[PDB]
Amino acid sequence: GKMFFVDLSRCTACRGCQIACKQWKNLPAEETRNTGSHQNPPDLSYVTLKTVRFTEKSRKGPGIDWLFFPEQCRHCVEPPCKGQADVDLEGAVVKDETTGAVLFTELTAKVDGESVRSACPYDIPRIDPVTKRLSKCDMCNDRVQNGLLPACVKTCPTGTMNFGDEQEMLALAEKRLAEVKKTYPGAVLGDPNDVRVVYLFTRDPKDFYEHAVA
């Protein structure tokens, strides 16, 4: 299968990835307002498959730790969302056995969406309140199948977003972690044996987002 390695030690929160997702899929924009944060949209939704979360952590000296988290479906190796959807109707949630992509179909309309969202340890699924379809990042399975990078991976200027075969991405993740620790001694990989989107966090993953790891 395929894997993302997301090295957040290089993230500038440019939100290139957030826009590139919407441009590639031609997704609509949400109605947003500033409530005292750069973060927007404030959450994933049925029309937002990726948003960059902003968190300010206090640091004694002049500056802070500003933690950036471009959130997406982890495309779990053994996905609980599928386990839960398959009790109501197989085919609502399927696995691409070549890429590893976990894919919601239009049949998610005819399953307990509430229950499927609850099954996700990363709180990823979002429901269309009209159609009751579940939507999330689809790994740009489209592009990967046609030998292209996912839109958010290609657009990323910093080397945060990396993508390829699971063996080369796991090897990259271990080599990068050792280098990153010289600058960020508390750096860790997010649930690396269970998911296909392996985030490198510079510190406590829960400071990035409460569901950053299981």
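Just so we're on the same page, rigid core means the largest C-alpha set that superposes within 1.5 Å between forms. The first residue of the shown sequence is 1; numbering continues from there.
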>> Given a rigid core fit, name the stretch, 58-66 or 160-168, whose C-alphas are on average farther from the form shown here in 8 other deposited structures of this protein.
In response: 58-66
> Of 54-62 and 184-192, which one has the bigger average CA B-factor?
Replying inline: 54-62
> When the C-alpha temperature factors are averaged for each of 38-46 and 160-168, which stretch ends up with the higher value in the entry?
Replying inline: 160-168
> Based on what the PDB entry reports, which of 73, 120, 140, 107 has the top C-alpha B-factor?
Replying inline: 107
>> Test of reading the entry: by CA B factor among the chain's modelled residues, which third contains residue 214?
In response: highest
> Among the chain's modelled residues, which third holds the C-alpha B-factor of residue 145?
Replying inline: highest
>> Based on the deposited C-alpha B factors for this chain, I'd like to know if residue 100 is in the lowest, middle or highest third.
In response: highest
>> Ranking every modelled residue in this chain by its Cα temperature factor as given in the entry, which third contains residue 80?
In response: middle
